[PDB]
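Encoded as C-alpha coordinates, the following chain is the form deposited in one PDB entry, with no partner shown.
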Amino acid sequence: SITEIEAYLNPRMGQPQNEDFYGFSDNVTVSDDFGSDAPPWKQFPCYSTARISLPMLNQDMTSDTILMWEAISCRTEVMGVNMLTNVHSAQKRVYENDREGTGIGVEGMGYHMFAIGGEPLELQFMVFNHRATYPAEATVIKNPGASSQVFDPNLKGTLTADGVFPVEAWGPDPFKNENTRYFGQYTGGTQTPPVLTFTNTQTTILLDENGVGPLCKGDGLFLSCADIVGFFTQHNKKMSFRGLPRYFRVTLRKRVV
(Lines give C-alpha, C1' and ligand atoms only; values in the text may rest on other atoms or scores of the structure.)
Protein backbone atom coordinates (compact mmCIF):
# COMPACT_ATOMS: atom_id res chain seq x y z
CA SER A 1 0.00 0.00 0.00
CA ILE A 2 2.42 2.79 1.27
CA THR A 3 6.22 3.32 0.81
CA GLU A 4 8.43 6.26 1.90
CA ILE A 5 11.59 7.07 -0.06
CA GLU A 6 14.30 9.41 1.24
CA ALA A 7 16.88 11.11 -1.01
CA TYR A 8 19.36 14.01 -1.15
CA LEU A 9 20.45 16.28 -4.01
CA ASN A 10 23.82 18.00 -3.58
CA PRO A 11 24.04 21.50 -5.07
CA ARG A 12 25.73 22.14 -8.46
CA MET A 13 27.07 25.70 -7.93
CA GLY A 14 29.96 25.23 -10.45
CA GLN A 15 33.17 23.94 -8.74
CA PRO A 16 33.75 20.18 -9.26
CA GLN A 17 32.73 17.42 -6.80
CA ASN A 18 35.28 16.11 -4.25
CA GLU A 19 37.70 19.07 -4.70
CA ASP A 20 38.30 21.88 -2.15
CA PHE A 21 35.50 24.24 -3.38
CA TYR A 22 32.65 21.69 -3.66
CA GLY A 23 29.44 23.62 -2.81
CA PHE A 24 30.74 26.90 -4.32
CA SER A 25 30.96 28.43 -7.79
CA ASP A 26 34.20 29.80 -9.22
CA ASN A 27 34.54 33.58 -8.65
CA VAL A 28 31.98 35.52 -10.75
CA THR A 29 33.31 37.69 -13.62
CA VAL A 30 30.99 40.42 -14.98
CA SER A 31 30.86 41.33 -18.72
CA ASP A 32 31.17 45.00 -19.87
CA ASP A 33 27.96 44.85 -22.02
CA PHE A 34 25.29 42.40 -23.35
CA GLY A 35 27.07 41.85 -26.71
CA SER A 36 30.36 40.73 -25.03
CA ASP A 37 28.74 38.31 -22.51
CA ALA A 38 29.96 34.67 -22.23
CA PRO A 39 29.72 33.39 -18.62
CA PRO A 40 32.60 30.91 -18.09
CA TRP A 41 31.94 27.30 -16.97
CA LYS A 42 31.98 26.91 -13.11
CA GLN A 43 30.91 30.57 -12.50
CA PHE A 44 27.11 29.91 -12.44
CA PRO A 45 24.81 27.37 -10.76
CA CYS A 46 22.93 24.56 -12.57
CA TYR A 47 19.85 22.54 -11.48
CA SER A 48 20.28 19.33 -9.47
CA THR A 49 18.11 16.34 -10.52
CA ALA A 50 17.84 12.60 -9.92
CA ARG A 51 15.51 9.76 -10.82
CA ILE A 52 14.82 7.43 -7.87
CA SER A 53 14.01 3.80 -8.91
CA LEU A 54 10.84 2.66 -7.02
CA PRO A 55 9.80 -0.93 -6.14
CA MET A 56 8.49 -2.67 -9.30
CA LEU A 57 4.72 -1.91 -9.67
CA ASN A 58 3.96 0.04 -12.91
CA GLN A 59 6.28 -2.47 -14.76
CA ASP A 60 4.87 -5.48 -12.80
CA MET A 61 3.79 -8.11 -15.42
CA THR A 62 1.56 -10.29 -13.09
CA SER A 63 -1.56 -8.13 -13.97
CA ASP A 64 -2.87 -6.31 -17.11
CA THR A 65 -4.32 -3.74 -14.57
CA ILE A 66 -2.14 -0.52 -14.71
CA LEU A 67 -0.71 0.21 -11.20
CA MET A 68 1.44 3.30 -10.45
CA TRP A 69 3.16 4.71 -7.36
CA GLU A 70 1.30 7.94 -6.46
CA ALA A 71 3.25 10.61 -4.51
CA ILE A 72 0.62 11.85 -1.99
CA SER A 73 2.89 14.01 0.21
CA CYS A 74 6.48 15.02 0.98
CA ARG A 75 8.81 16.60 3.51
CA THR A 76 11.74 18.60 2.11
CA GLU A 77 14.49 20.38 4.08
CA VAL A 78 17.52 22.45 3.08
CA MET A 79 20.37 20.67 4.96
CA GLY A 80 23.53 22.29 6.40
CA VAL A 81 21.87 25.62 7.36
CA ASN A 82 24.04 25.27 10.52
CA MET A 83 27.23 25.99 8.44
CA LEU A 84 26.10 29.63 7.75
CA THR A 85 26.95 30.46 11.44
CA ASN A 86 30.63 30.33 10.20
CA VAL A 87 31.99 33.95 10.09
CA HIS A 88 35.73 33.02 10.34
CA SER A 89 36.60 31.17 7.04
CA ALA A 90 38.54 33.67 4.82
CA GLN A 91 35.61 36.15 4.58
CA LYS A 92 35.70 39.89 3.89
CA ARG A 93 35.38 41.45 7.42
CA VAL A 94 32.60 43.79 8.66
CA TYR A 95 35.29 46.51 9.34
CA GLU A 96 37.72 45.62 6.49
CA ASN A 97 39.59 49.01 6.70
CA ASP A 98 40.39 48.21 10.41
CA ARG A 99 40.96 44.45 9.68
CA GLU A 100 38.38 43.90 12.46
CA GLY A 101 34.99 42.25 13.17
CA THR A 102 33.50 38.92 12.01
CA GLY A 103 33.46 37.86 8.37
CA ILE A 104 30.30 39.18 6.64
CA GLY A 105 29.29 35.51 6.13
CA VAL A 106 27.10 34.34 3.26
CA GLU A 107 24.93 37.25 1.98
CA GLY A 108 22.90 38.12 -1.12
CA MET A 109 20.45 36.30 -3.35
CA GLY A 110 18.45 33.28 -2.22
CA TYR A 111 16.97 31.02 -4.90
CA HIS A 112 15.22 27.92 -3.50
CA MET A 113 13.15 25.69 -5.77
CA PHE A 114 12.19 22.02 -5.73
CA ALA A 115 10.06 19.77 -7.95
CA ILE A 116 8.68 16.27 -7.31
CA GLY A 117 7.13 14.42 -10.24
CA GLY A 118 6.37 11.13 -12.01
CA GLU A 119 8.39 12.23 -15.08
CA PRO A 120 11.25 14.68 -15.80
CA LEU A 121 10.69 18.38 -14.96
CA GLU A 122 9.55 20.28 -18.12
CA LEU A 123 11.48 23.53 -18.65
CA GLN A 124 10.90 26.92 -20.27
CA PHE A 125 14.09 28.58 -21.61
CA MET A 126 14.32 32.22 -20.44
CA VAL A 127 17.43 34.42 -19.98
CA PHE A 128 18.25 37.94 -18.73
CA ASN A 129 20.37 38.60 -21.90
CA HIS A 130 19.72 36.48 -25.04
CA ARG A 131 23.25 37.39 -26.41
CA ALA A 132 25.00 35.54 -23.50
CA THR A 133 27.04 32.68 -25.02
CA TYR A 134 26.88 29.75 -22.54
CA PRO A 135 29.87 27.39 -22.34
CA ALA A 136 30.26 23.97 -24.03
CA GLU A 137 29.58 22.14 -20.68
CA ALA A 138 26.08 23.75 -20.28
CA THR A 139 22.81 22.52 -21.89
CA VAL A 140 21.08 25.61 -23.41
CA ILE A 141 19.27 26.67 -26.60
CA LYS A 142 22.04 28.32 -28.71
CA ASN A 143 21.31 31.65 -30.49
CA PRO A 144 17.88 31.70 -28.79
CA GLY A 145 16.97 35.22 -30.10
CA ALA A 146 15.59 38.36 -28.37
CA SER A 147 12.22 36.57 -27.67
CA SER A 148 14.06 34.35 -25.10
CA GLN A 149 14.35 37.42 -22.75
CA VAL A 150 10.58 36.93 -22.13
CA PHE A 151 8.18 34.04 -22.99
CA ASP A 152 8.67 32.29 -26.36
CA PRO A 153 6.53 29.12 -26.74
CA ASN A 154 9.14 27.56 -29.11
CA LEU A 155 11.89 27.50 -26.41
CA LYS A 156 11.28 24.28 -24.40
CA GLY A 157 13.48 21.71 -22.67
CA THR A 158 13.42 18.79 -20.20
CA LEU A 159 15.63 18.52 -17.04
CA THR A 160 17.27 15.23 -18.15
CA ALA A 161 20.76 15.69 -16.57
CA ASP A 162 22.25 16.84 -13.26
CA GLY A 163 24.61 19.86 -12.99
CA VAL A 164 24.42 21.16 -16.63
CA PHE A 165 21.12 23.13 -17.06
CA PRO A 166 21.94 26.72 -15.90
CA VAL A 167 19.51 28.09 -13.28
CA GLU A 168 19.72 31.49 -15.04
CA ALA A 169 18.59 29.99 -18.45
CA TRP A 170 15.79 27.54 -17.45
CA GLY A 171 12.74 27.47 -15.19
CA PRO A 172 9.70 25.20 -14.71
CA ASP A 173 7.25 25.38 -17.66
CA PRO A 174 3.75 26.18 -16.30
CA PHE A 175 2.19 25.12 -19.67
CA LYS A 176 3.30 21.52 -18.89
CA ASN A 177 4.27 19.66 -15.65
CA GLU A 178 0.71 18.25 -15.19
CA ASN A 179 2.43 15.28 -13.36
CA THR A 180 4.96 17.33 -11.26
CA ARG A 181 4.51 19.78 -8.34
CA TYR A 182 7.12 22.57 -8.18
CA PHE A 183 7.70 25.39 -5.67
CA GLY A 184 10.15 28.31 -5.87
CA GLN A 185 11.20 31.43 -3.99
CA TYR A 186 13.65 34.11 -5.11
CA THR A 187 15.03 36.81 -2.78
CA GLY A 188 17.42 39.15 -4.62
CA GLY A 189 20.20 41.55 -3.59
CA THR A 190 23.94 41.00 -2.91
CA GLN A 191 23.87 42.12 0.81
CA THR A 192 20.45 40.49 1.66
CA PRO A 193 20.51 38.27 4.77
CA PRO A 194 19.61 34.64 3.94
CA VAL A 195 16.43 33.40 5.70
CA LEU A 196 16.16 29.59 6.00
CA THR A 197 13.90 27.36 8.15
CA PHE A 198 14.31 23.62 8.80
CA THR A 199 12.06 21.10 10.62
CA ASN A 200 11.14 17.38 10.35
CA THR A 201 7.46 18.26 11.18
CA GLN A 202 6.29 20.03 7.94
CA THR A 203 4.32 17.98 5.33
CA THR A 204 3.37 19.27 1.83
CA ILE A 205 0.30 17.53 0.28
CA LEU A 206 1.05 16.71 -3.41
CA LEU A 207 -2.59 15.86 -4.39
CA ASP A 208 -4.01 18.11 -7.19
CA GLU A 209 -7.56 19.66 -7.38
CA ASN A 210 -8.94 16.13 -8.25
CA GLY A 211 -7.22 14.39 -5.27
CA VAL A 212 -4.51 12.80 -7.50
CA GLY A 213 -0.75 12.98 -6.73
CA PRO A 214 2.10 12.72 -9.27
CA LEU A 215 1.94 9.23 -10.87
CA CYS A 216 5.36 7.55 -11.35
CA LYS A 217 5.71 6.55 -15.05
CA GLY A 218 8.13 3.59 -15.37
CA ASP A 219 8.44 3.34 -11.53
CA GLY A 220 10.60 6.50 -11.46
CA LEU A 221 10.35 9.36 -8.94
CA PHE A 222 11.85 12.62 -10.30
CA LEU A 223 13.43 15.06 -7.81
CA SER A 224 14.86 18.45 -8.92
CA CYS A 225 16.08 21.52 -7.02
CA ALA A 226 18.32 24.57 -6.83
CA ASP A 227 19.32 26.00 -3.41
CA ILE A 228 21.47 29.12 -3.87
CA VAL A 229 21.88 30.50 -0.31
CA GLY A 230 23.94 33.58 -1.34
CA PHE A 231 27.55 34.71 -2.02
CA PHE A 232 30.87 34.03 -0.33
CA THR A 233 32.95 37.25 -0.42
CA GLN A 234 36.76 36.79 -0.02
CA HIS A 235 39.14 39.42 1.49
CA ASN A 236 40.08 40.49 -2.12
CA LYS A 237 36.31 41.07 -2.81
CA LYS A 238 36.00 38.03 -5.20
CA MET A 239 32.44 36.63 -4.87
CA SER A 240 31.20 33.04 -5.48
CA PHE A 241 27.79 31.33 -5.20
CA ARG A 242 27.33 29.05 -2.13
CA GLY A 243 24.73 26.24 -2.29
CA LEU A 244 23.27 23.73 0.16
CA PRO A 245 22.00 20.17 -0.32
CA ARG A 246 18.28 19.34 -0.18
CA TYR A 247 16.60 16.42 1.65
CA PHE A 248 13.44 14.77 0.22
CA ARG A 249 11.04 12.35 1.95
CA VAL A 250 8.22 11.29 -0.41
CA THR A 251 5.24 9.21 0.76
CA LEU A 252 3.86 7.07 -2.10
CA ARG A 253 0.84 4.72 -2.30
CA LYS A 254 0.02 2.03 -4.89
CA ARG A 255 -2.75 3.41 -7.18
CA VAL A 256 -4.93 1.64 -9.81
CA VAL A 257 -4.89 4.07 -12.82
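Each form is matched to the other, and the largest set of C-alpha atoms that superpose within 1.5 Å is called the rigid core. Counting begins at 1, following the sequence as shown. Residues that one form lacks are left out of the comparison.
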> Out of 244-252 and 14-22, which one has CA B-factors that are higher on average in the deposited record?
Replying inline: 14-22
> According to the deposited model, is the average Cα temperature factor higher in 110-118 or in 91-99?
Replying inline: 91-99
>> Checking the record values for 229, 68, 46, 50, which has the greatest CA B factor?
In response: 68
> Among 154, 139, 124, 85, which residue carries the highest C-alpha B-factor recorded in the PDB entry?
Replying inline: 154
>> Ranking the modelled residues of this chain by C-alpha B-factor as given in the entry, is residue 72 in the lowest, middle or highest third?
In response: highest
>> Please place residue 59 in the lowest, middle or highest third of its chain according to the CA B-factor in the PDB entry.
In response: highest
> By its CA B factor, does residue 197 count among the lowest, middle or highest third of the modelled residues in the chain?
Replying inline: middle
> Mind checking which third residue 203 falls in for C-alpha B-factor across the chain?
Replying inline: highest
> Going by the entry, which third of its chain does the Cα temperature factor of residue 236 land in?
Replying inline: highest
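One more form of this protein exists, namely the form deposited in another entry; it is left out here, but the text below deals with it.
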>> Core-aligned, between the shown form and the other one, one residue among 59, 31, 53, 203 moves its CA by 2 Å or more. Tell me which.
In response: 59
> Segments of at least 3 residues with every CA displaced 2 Å or more between the shown form and the other one, core-aligned, in sequence order?
Replying inline: 58-65
